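Same chain, two forms, each on its own as structure tokens: structure 1, then structure 2.
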Structure 1
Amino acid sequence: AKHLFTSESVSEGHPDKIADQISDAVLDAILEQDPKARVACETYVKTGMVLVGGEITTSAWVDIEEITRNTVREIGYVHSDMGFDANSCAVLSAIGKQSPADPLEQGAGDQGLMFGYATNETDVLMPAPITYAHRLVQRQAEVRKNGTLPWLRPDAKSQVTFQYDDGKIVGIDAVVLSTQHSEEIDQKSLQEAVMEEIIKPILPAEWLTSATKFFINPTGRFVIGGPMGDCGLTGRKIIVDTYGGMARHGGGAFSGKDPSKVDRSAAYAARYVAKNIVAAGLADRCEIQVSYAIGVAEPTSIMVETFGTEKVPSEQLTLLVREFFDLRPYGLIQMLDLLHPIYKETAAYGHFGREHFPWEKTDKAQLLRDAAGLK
């Protein structure tokens, strides 16, 4: 049936995403020294200040203030004219610290479930709305940092409404792009530049018609942004972090958490499964639901929803997942080789659909395709 579907993303300068990146920068700095550390780092940013809090158990010694200032500086807040300055904002630490047979048989601590999702409607096997929303704010940051549009400032949001028909994309119905900018540029010039340097190189021409609506800084000037007059907190962008609303989400933020937190690592594993099923050609689109029982390691149930797109029977998919992936809480950590400082890169522009992340590798695809008996 014909319908619209919308997703959004936000730049690395958005205050919630600032907090995510600081949490994962702290996490990465600890993991570099202590790969087995327990970290639950929650950040709060607002006018003039960063508060980094939470709980860690580690042998690592890290300078929270330096990590914080370096992270905000890299994002681009370096002057009070932008609303925020990495060099002169307040940084407060409130982190409680503590000192540090078959480990893979560790059972789950909760009744829980995890969702994964993939679809061959894009090259990265992600839903088109979240993919192109991500790409729009990532492009905003790129042309900001490389000097193409030097008047851009870090804070930006995007939103894309796709039209579907019979489950395939027909085009883009509406685009929102709001970006922070310096005082000197006028809105008409800004809108033309955003169209030419951000929107047009990112969105396929075939999907843009004369009916497409473009809302580029629709309320006009956007000089002050980031944390200034606007709070950011770790874990308040969990839908832009994942699938943009296209898939179900069981709850649980990612950033600031070490891989032992099932909320993060099991979600990564569930994406890994779904992406490899679709890359194998076993379905065009796939939502996986992994259920865990308190005190047992293997998932208690694995449901593979294929939305009628399956190329083999649905029971065969469940069995293939049982055979080729280790979805035990600690086994998936080993499968994905997660005990490394790789998380700051995940904390803006999406945890899924990205290049080099281990849960985005399609290295079980051909094995699954063979095992299911097709070519």
Structure 2
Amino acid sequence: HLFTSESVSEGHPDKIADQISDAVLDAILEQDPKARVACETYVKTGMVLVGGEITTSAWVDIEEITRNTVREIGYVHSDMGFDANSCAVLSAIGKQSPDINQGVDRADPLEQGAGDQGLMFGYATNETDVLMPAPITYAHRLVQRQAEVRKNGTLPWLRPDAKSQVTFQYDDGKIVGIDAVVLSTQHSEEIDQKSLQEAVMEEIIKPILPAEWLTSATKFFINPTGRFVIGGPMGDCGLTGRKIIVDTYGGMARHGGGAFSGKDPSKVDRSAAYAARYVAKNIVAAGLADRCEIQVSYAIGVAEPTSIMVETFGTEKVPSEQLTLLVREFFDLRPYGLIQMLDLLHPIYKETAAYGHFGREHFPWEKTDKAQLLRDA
């Protein structure tokens, strides 16, 4: 069978919004680790609207945070369709509803109730070194490489907006090759399409995709519209939380529907999904399964989860029901437990808002620190 996963650069309008949302979250947490933040960002031709519900003792400069974020992304001139230095920054930030907060923050700190209801999924598969699905990891690297080539001036005619897509060929449940690649990138008007296609293939795609998976029958589509000068917020509206699949496992695993960026750890949409990646990775790391997918769910203002489910796809190396009640022993999945487990009350979330929340070494939910102590029990 064929399988396909996509990713987007830091300049894609939805990722701009995600990044602004987590930039504001970060600034707040630097001052107020216990702040309640639900930051939703809307980006369109000429304007950033930052809104949502925040309850904090912190004082942050929404305008300067936003301009700085768009500046680092690279939109700094009207020729690119968007300029960090001259766009509108609007705030529509209110307070968190008192009807919600009475369910989260309560008497005993360890009794903290879930921020909301909802379902979250985690996933891990041994087919890569970082225990991630291959299609989404190489999609991320393709767009991450585009931004690095753009920023270090190797291809100065590049623009921030870009998307990648890769369609892998599988057999025996293992990678055979790559049947199709797509790399669409915004560009200045100076460069013709033929020069751009060759530069993308040589400088973007070949350094990232192992040539074994590439054949003469491997199909390539580079700016297949034939022109990508208009881009960023000018050609497409950007919204926080509209890339939740490229944020996670590229469609290789199911999703509960919860967005990540702009949300402080009290939101189980984020903190549970990180903890679900945490256990599913460790479970694989201990060789107890080849592939593992966890589903947890919560009720509003209720500490204990309402559902836990371990799925091994017929690859378990110990009975599945032993695997389930071992998750329950070595991981605390109540809201207060998620935050303690992963050391989450820190400004570490802007770095997550582009190129995937999962599969990066240093994230606390990526550490394989309980791998050994899984076997022993």
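For numbering, take structure 1's sequence and count from 1. Think of the rigid core as the biggest set of C-alphas that the two forms share within 1.5 Å after superposition.
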> Looking at 171, 235, 245, 112, which has a Cα shift of 2 angstroms or more between the two structures when the rigid core is held fixed?
Replying inline: 112
> Can we say the CA of residue 295 moves by at least 2 Å between the two structures when the core is superposed?
Replying inline: yes
>> When the rigid core is overlaid, by how much has the CA of residue 154 moved between the two structures, in Å to one decimal?
In response: 0.1
